[PDB]
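Fold and geometry: a report
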Amino acid sequence: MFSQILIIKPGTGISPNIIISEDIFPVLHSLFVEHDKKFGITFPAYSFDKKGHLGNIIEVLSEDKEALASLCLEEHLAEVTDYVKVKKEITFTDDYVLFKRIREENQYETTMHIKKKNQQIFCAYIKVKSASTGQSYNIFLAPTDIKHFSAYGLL
RNA sequence: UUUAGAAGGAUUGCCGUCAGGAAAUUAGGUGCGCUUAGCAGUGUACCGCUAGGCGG
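Each chain carries its own residue count, beginning from 1 and running in the order its sequence is written; this scheme need not agree with the entry numbering, and residues with no coordinates do not appear. Written order determines the labels here, with chains lettered from A and ligands numbered from 1. Only some chains of a larger assembly appear here, and every value describes just that portion. Side-chain descriptors were evaluated using all non-hydrogen atoms of the structure, hydrogens and water having been removed beforehand. Residues with missing side-chain atoms are left out of burial classes, side-chain pairs and their counts.

Attention shifts here to the overall build of chain A. Strands here mean DSSP runs of E at least two residues long; helices mean DSSP runs of H or I at least four residues long; both are numbered from the N terminus. For chain A, the helix and strand inventory stands at 3 helices and 8 strands. Put simply, chain A runs from its N terminus to its C terminus through helices and strands in the order β-α-β-α-β-β-β-α-β-β-β. Summarising its shape, the C-alpha atoms of chain A cover approximately 50 × 35 × 35 Å along the three principal directions.

Pasting the structure below:
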């Protein structure tokens, strides 16, 4: 149950959130249906709760020290080598934080009470286009400790 | 322990009539506004499945 080092480089023009939401996260979506049992997704430095970026390093951990080679994130993310650098190592990882999919309610028309609860999630907001029908909306995150990910990489 | 303490100001009404402000003009001369910059903050927040939690 180890982890690989994926760093979104600081700077580079394009913001880190866009780079993750456009390159890395669809790759994870198309490479965790192969994984069956999702491997894991920790963003170190989720920062504070008034504000808070997902961070600058995404560490994908797994429930096995061999399955990390199976979904070989390195050389699948060689088209972002000026933006995301994949170190080649793995160290046993229970020293992380699990991440969850707080849902964020829907809009008024979708069907007052909306914004009462909508003001919590809407303050990480990694965007996802749908492999299905198509309507795109950000999925939201949180720090949680439940240990042993299911669909995208959340619990 | 206060120049202490007290107190109904009321009722009524026609301001009127009239009128020349007016004649003359020189405001002028002069002038360094400059230097610099991410519209960025993901820029958005949906499509479905009683309160609550969920496929992509």
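Quick look at the packing of aromatic side chains now. Judged by centre distance (5.8 Å) and plane angle (45°), the ring pair of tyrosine 46 and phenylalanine 99 falls under tilted. On the criterion of sequence distance, the pair formed by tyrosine 46 in the loop between α1 (16–32) and β2 (57–61) and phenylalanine 99 in strand β5 (residues 98–99) is long-range, its members being 53 residues apart. Between the aromatic rings of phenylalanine 122 and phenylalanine 140, the centroid separation amounts to 5.0 Å while the plane-to-plane angle is 15°, which identifies the pairing as stacked. A network of ring pairs unites the aromatic residues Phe43, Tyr46 and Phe99 as a single cluster. To pair, rings of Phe, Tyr and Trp, with the six-membered ring standing in for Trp, must have centres within 6.5 Å; the planes then decide the type, stacked if under 30 degrees apart, edge-to-face if over 60, and tilted in the middle.

Turning to the pairing of strand β1 (residues 2–8), a few remarks are in order. Sheet analysis places β1 next to strand β4 (residues 91–92), joined by 2 bridges and oriented antiparallel. The residue of β4 that forms the bridge with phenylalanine 2 is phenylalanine 92. Each pair of strands is called paired provided DSSP finds at least two bridges between the two strands. Note that β1 and β2 share 5 bridges and pair antiparallel. Looking at β2, one finds that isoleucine 5 is bridged to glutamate 59. Bridge count between β1 and strand β3 (residues 84–86): 3 bridges; the pairing is antiparallel. Pairing of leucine 6 across the sheet is with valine 86, part of β3.

Another point: the environment of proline 143. For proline 143, the location among the structural elements is in strand β8 (residues 143–144). Here the alpha-carbon distance between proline 143 and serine 130, two residues 13 residues apart in the chain, equals 25 Å. In this description, contact between two residues means that some pair of their heavy atoms is separated by no more than 4.5 Å. Those residues within four positions of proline 143 in sequence are excluded, and the remaining contacts are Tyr46, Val97, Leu98 and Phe99.

One non-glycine residue with positive phi stands out, namely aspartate 36, at about 60°. Topologically, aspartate 36 is positioned in the loop between α1 and β2. In this structure, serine 47 takes a positive phi of about 55° despite not being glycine. Within the secondary structure, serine 47 sits in the loop between α1 and β2.

Right, let's get into the environment of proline 16. In this fold, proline 16 is placed in helix α1. Remark: the alpha-carbon pair of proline 16 and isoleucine 57, spanning 41 residues in sequence, is separated by 9.6 Å. Non-local contacts of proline 16, meaning those with residues more than four positions away in its chain, are made with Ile8, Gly55 and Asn56.

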